[PDB]
Structures are given as structure tokens and as C-alpha cells.
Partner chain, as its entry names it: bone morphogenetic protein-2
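Just one chain is shown here, as C-alpha cells, and it is the form deposited without the partner chain.
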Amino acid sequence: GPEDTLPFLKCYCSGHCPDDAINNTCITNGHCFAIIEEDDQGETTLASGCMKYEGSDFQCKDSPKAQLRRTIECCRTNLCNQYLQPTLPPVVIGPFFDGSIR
């Protein structure tokens, strides 16, 4: 019956891209994703790619068995991966004191 299936999302890929990709970009009807991770030597690996359709319209979950420090992001708009670098959250502290002006 009614089934308009036509891809409409071109996202750029960094580090890892499929063997069938063109000009370092990929095409999906799902969402574009990007992930960053700190390995035992303290280098960050930046990679992005295209996610095929799954069912979730706007929900990027994670599996409940993660034993690593990392950040991840997902986006449903064109070239959202090209201009988006995943980064770890900044540090924070409640206590404060006066050290200098401005």
C-alpha cells in the first residue's frame, strides 16, 4: 500500500566509512551518528557513519553493559555529522573562591 521509501540524508564520515561510500559521505533514511572514546593510552578515537532505519523516530539509547568513558551523539538533519565533533563534558565544581579580577 502507501509506502514512500526514498533516502533523504547525506552525512560525512570520519575515520571509518563503508567500502561502498562516495567522496567520504554516506546516505541513509535513518539517523547520522558520531562517537568518541578514550583508550588505555589516552588517545581519543573520532568516528562517524550512517545508521540504517530501526523504528525509533527520536531516541538514541545505549545498551546497559557499558564499562568505558565515552561520549556519543545522533542527528536527523543533512550534514549534521560533518559540522559536529563529539567531545567529553567539561569538569565542574560547586565550591569557589576569589583568585583574581575577571
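Numbering follows the first chain given and starts at 1.
A second form of this protein, the form solved in complex with the partner chain, is not displayed here; the remarks below concern that form.
S.K.: Let me test this: is every residue among 23, 39 and 77 within 4.5 Å of the partner chain in the bound PDB entry, going by heavy atom positions?
M.R.: Heavy-atom distance to the partner chain in the bound PDB entry: none of the three under 4.5 Å.
S.K.: Can you tell me if residue 54 lies within 4.5 angstroms of the partner chain in the bound PDB entry, counting non-hydrogen atoms only?
M.R.: Contact with the partner chain, yes.
S.K.: In the bound PDB entry, does residue 59 come within 4.5 Å of the partner chain, counting heavy atoms only?
M.R.: Judged by the heavy-atom cut-off of 4.5 Å, residue 59 is in contact with the partner chain in the bound PDB entry.
S.K.: Within a 4.5 Å heavy atom cut-off, is residue 46 in contact with the partner chain in the bound PDB entry?
M.R.: Result no; residue 46 lies far from the partner chain in the bound PDB entry.
S.K.: Does residue 84 make contact with the partner chain in the bound PDB entry, using a 4.5 Å heavy atom cut-off?
M.R.: Close contact is absent here: in the bound PDB entry, residue 84 is far from the partner chain, nothing within 4.5 Å, heavy atoms only.
S.K.: At 4.5 Å, heavy atom to heavy atom, what parts of 55 to 88 sit next to the partner chain in the bound PDB entry? List them in sequence order, or say none.
M.R.: If the 4.5 Å heavy-atom criterion is applied to the partner chain in the bound PDB entry, 55 to 88 yields 55, 57, 58, 59, 61, 62, 63, 64, 65, 66, 67, 70, 72.
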